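Chemist: Starting from these lines, generate the structure:
(chains A, B and C, ligands or ions: 3)
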Amino acid sequence: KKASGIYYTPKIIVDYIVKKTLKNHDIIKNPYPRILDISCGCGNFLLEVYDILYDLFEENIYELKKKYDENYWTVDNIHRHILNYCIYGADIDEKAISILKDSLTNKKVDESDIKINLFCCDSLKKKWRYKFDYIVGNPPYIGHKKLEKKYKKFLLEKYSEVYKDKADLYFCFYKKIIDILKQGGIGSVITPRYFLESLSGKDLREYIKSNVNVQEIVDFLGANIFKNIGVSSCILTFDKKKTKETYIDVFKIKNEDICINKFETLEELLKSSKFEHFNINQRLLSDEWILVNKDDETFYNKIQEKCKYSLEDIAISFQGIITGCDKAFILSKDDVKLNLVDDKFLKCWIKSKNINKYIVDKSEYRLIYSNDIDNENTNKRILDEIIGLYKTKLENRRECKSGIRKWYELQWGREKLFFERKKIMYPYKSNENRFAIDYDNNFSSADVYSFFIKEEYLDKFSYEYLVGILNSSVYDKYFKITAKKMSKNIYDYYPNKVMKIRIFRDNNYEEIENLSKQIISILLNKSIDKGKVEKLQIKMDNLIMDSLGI
DNA sequence: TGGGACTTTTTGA
DNA sequence: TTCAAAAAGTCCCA
Ligand SMILES: CC(C)N(CCCNC(=O)Nc1ccc(C(C)(C)C)cc1)C[C@H]1O[C@@H](n2ccc3c(N)ncnc32)[C@H](O)[C@@H]1O
Ligand SMILES: [K+]
Ligand SMILES: [K+]
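Modeler: Numbering: from 1, shown residues only, chains lettered A, B, ... in the order given. Ligands and ions are numbered 1, 2, ... in the order given. The protein structure is shown below:
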């Protein structure tokens, strides 16, 4: 399956990571460094390590010959020494190890067979017999849906310090690498960036912060590093050195449309205008890692201090309907099959794209709220001609197999009363803040999140005021500071972060609310000349900036 | 083949 | 009993 050009780490990144770890190695003082890659594959990293080592030994061959055994340190012996004592690799694929072993053997190209330290094993189960000086590589990423159940139980029992709930497989590789790193060693890996902000990575970030000194983080944000692969990458470099001060070099990319396979070295790219550099004090990291420059930190801290309320304080949040099979329960509003379904069971259905700022597009789909169907004898045509077409798939849902749900019921139908009221809705993934007031009792899947204001905060906050500030440029920038960057121009808008947004009340409340009412009034007209909306938004942003003192 | 529009349901807790 | 998180996303066209 995984036999193609994908998953090959680009040469620029491989070269950077190998150099970053061995740039300043004192081969005279320690001529026996152990370099490990625990997901070496065909040896993208290890073959480069061999070359870097060979130059390093050959450049100091006469100093080694003089300080140590004169007969042992010769140029002809460098190849044997590297393979015996220096390069280590591990991979679960037997064929990959077979190829890597031949590649290392053919580096020199008789005598006694040289023992190459390659292991065909599960790196997370191996009883590692010693720690390592340097660890580099590109671990596998496997999410919570794509992991096997038996294997996941093992991770939960043994890697509980970093792996729980919706965590990822590469969380465990981070723990393994840190655990088998020598005092004073250096590790450098490329992994997905999502653990820097995700709720799942909370324990993993705590593990890294409390056990290694993070030297450098390269955040590519939504840039496409791996061709034809939908993943966002970062490079972490960490050590176990005794140092008094622990500051992190953060290199965050500025333009996501760059092509990495166009510059000579990654170092040239990082020092250029295509990246920004700033320092974060590792002691000042909380459970959240707020990796922003001084301007954005000052901006963020001003808003946090000024706002006395959060959305969670004043709102009730909930995820959308999860049918478990959308094609079985969602039909076009013009589908002739809806004449078989009583309007009592029909609900309006919108997708994330139907959410704009301040207002929702008119629904084009309907949801059959099948939970309200009492008996199978009644409304049999609905069960036999609409929902039953997917009966086999519906029966394969978890709650149907355990008997909690009937085969025709919605898997997670939530509570209708939550949806059939005035509320605010936003897409779960978007390029910008899009918070709308729903007036039409719209239902939606889990690609749209909703909340409504608690009764006790209705006098302080109105729906019109909230969509005003939340759709403002100030709050767009404020949310994206700590949001979870998913892919190019996509952020996660999930309650675990959206409900942490903080809000304020001051003298500008009335004028902000009135401007929001004007914007809503314009956006709902048939002859909508939606140009004045931009001007009103600009005026509102000025009031908000005045309110927060920025 | 790479870029852009859009986003299901499986899953642990 | 029933919540909400999770992109080695998914899909299509020029
Ligand atoms: C494929 C991705 C996921 N890979 C990224 C690193 C480069 N991998 C790579 O070049 N693989 C490869 C390339 C070509 C071949 C062919 C010979 C052409 C068939 C075979 C394998 C991760 C490697 O980790 C290995 N892996 C996965 C789980 C896991 C674990 N639990 N313990 C230890 N090693 C683990 C897996 O076999 C991969 O080689
Ligand atoms: K000597
Ligand atoms: K990406």
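Chemist: Tell me the bridge partners for the nearest residue to residue A:304 once chain neighbours are set aside.
Modeler: Spatially, and ignoring its direct neighbours in sequence, residue A:304 is nearest to residue A:502 (6.1 Å; C-beta to C-beta, 6 or more residues apart in numbering). From N, CA and C alone the C-beta is placed, and that goes for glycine too. On the basis of DSSP bridges, residue A:502 is bridged to residue A:310.
Chemist: was I right about residue A:325 contacting residue A:395?
Modeler: No: in this structure, residue A:325 is not within contact of residue A:395 by C-beta atoms under 8 Å, at 10.1 Å.
Chemist: dump the residue contacts of the residue nearest to residue A:304.
Modeler: Residue A:502 sits next to A:303-304, A:307-311 when contact means C-beta atoms under 8 Å, 6 or more residues apart in numbering.
Chemist: wait, what's in contact with whichever residue of the stretch 401-550 of chain A sits closest to ligand 3?
Modeler: Taking C-beta to the ion, ligand 3 has its nearest neighbour within the stretch 401-550 of chain A at residue A:487, 4.6 Å off. Contact analysis of residue A:487 by C-beta under 8 Å, 6+ apart lists A:222, A:230, A:232.
Chemist: Pick out the residue of chain A closest to ligand 1.
Modeler: In chain A, the residue that lies nearest ligand 1 is residue A:41 (2.3 Å; C-beta to the nearest ligand atom).
Chemist: sec struct for that residue, please.
Modeler: Here residue A:41 is coil, with the state taken from DSSP: H, G, I helix; E, B strand; the rest coil.
Chemist: How many residues are close by it?
Modeler: Using other C-beta atoms under 10 Å, residue A:41 is surrounded by 23 other residues.
Chemist: is stretch A:188-207 up against DNA strand C anywhere?
Modeler: Yes: Stretch A:188-207 comes into contact with DNA strand C (C-beta under 7 Å from any atom of the strand), by way of A:192, A:194, A:198-201.
Chemist: Between which two of those residues is the distance greatest?
Modeler: By the measure C-beta to C-beta, these have their two most distant members at A:192 and A:199, which lie 14.6 Å apart.
Chemist: neighbour-wise, which of residue A:325 and residue A:395 wins?
Modeler: Between residue A:325 and residue A:395, residue A:325 has the larger neighbour count (other C-beta under 10 Å), namely 16 against 13.
Chemist: Next, that one: phi, psi?
Modeler: For residue A:325, the backbone dihedrals (degrees, to the nearest 10) come out as phi -160, psi 100.
Chemist: would JSON lines of the contacts of residue A:487 with neighbour count be doable?
Modeler: Output for those, formatted as JSON lines (neighbours: other C-beta atoms under 10 Å):
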{"residue": "A:222", "neighbour count": "18"}
{"residue": "A:230", "neighbour count": "9"}
{"residue": "A:232", "neighbour count": "23"}
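Chemist: ok, which of these also contact DNA strand C?
Modeler: A:230, A:232.
Chemist: The contacts of residue A:487 into JSON lines, with extra columns for secondary structure and distance to DNA strand B?
Modeler: Shown next, in JSON lines, are these (DSSP: H, G, I helix; E, B strand; the rest coil; distance: C-beta to the nearest atom of the strand, whole Å):
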{"residue": "A:222", "secondary structure": "coil", "distance to DNA strand B": "10"}
{"residue": "A:230", "secondary structure": "coil", "distance to DNA strand B": "7"}
{"residue": "A:232", "secondary structure": "coil", "distance to DNA strand B": "12"}
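Chemist: for DNA strand C, what are the nearby residues on the stretch 451-550 of chain A?
Modeler: Proximity of the stretch 451-550 of chain A to DNA strand C, by C-beta under 7 Å from any atom of the strand, involves residues A:484, A:486-487, A:490, A:492, A:494-496.
Chemist: Filter those down to the buried ones, PyMOL style.
Modeler: A single PyMOL command selects the buried members of these (16 or more other C-beta atoms under 10 Å):
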select buried, chain A and resi 484+486+492+494+495
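Chemist: what two of the residues of the stretch 451-550 of chain A next to DNA strand C are the furthest from one another?
Modeler: A:487 and A:495 (20.3 Å).
Chemist: Return the set of buried residues in stretch A:304-320.
Modeler: Buried residues in stretch A:304-320, counted by 16+ other C-beta under 10 Å: A:307, A:309, A:311, A:314-315, A:317, A:319-320.
Chemist: nope, stretch A:523-534 is what I meant
Modeler: Quick answer for stretch A:523-534 (16+ other C-beta under 10 Å): residue A:533.
Chemist: how long is that stretch from one end to the other?
Modeler: 11 Å (C-alpha to C-alpha, to the nearest Å).
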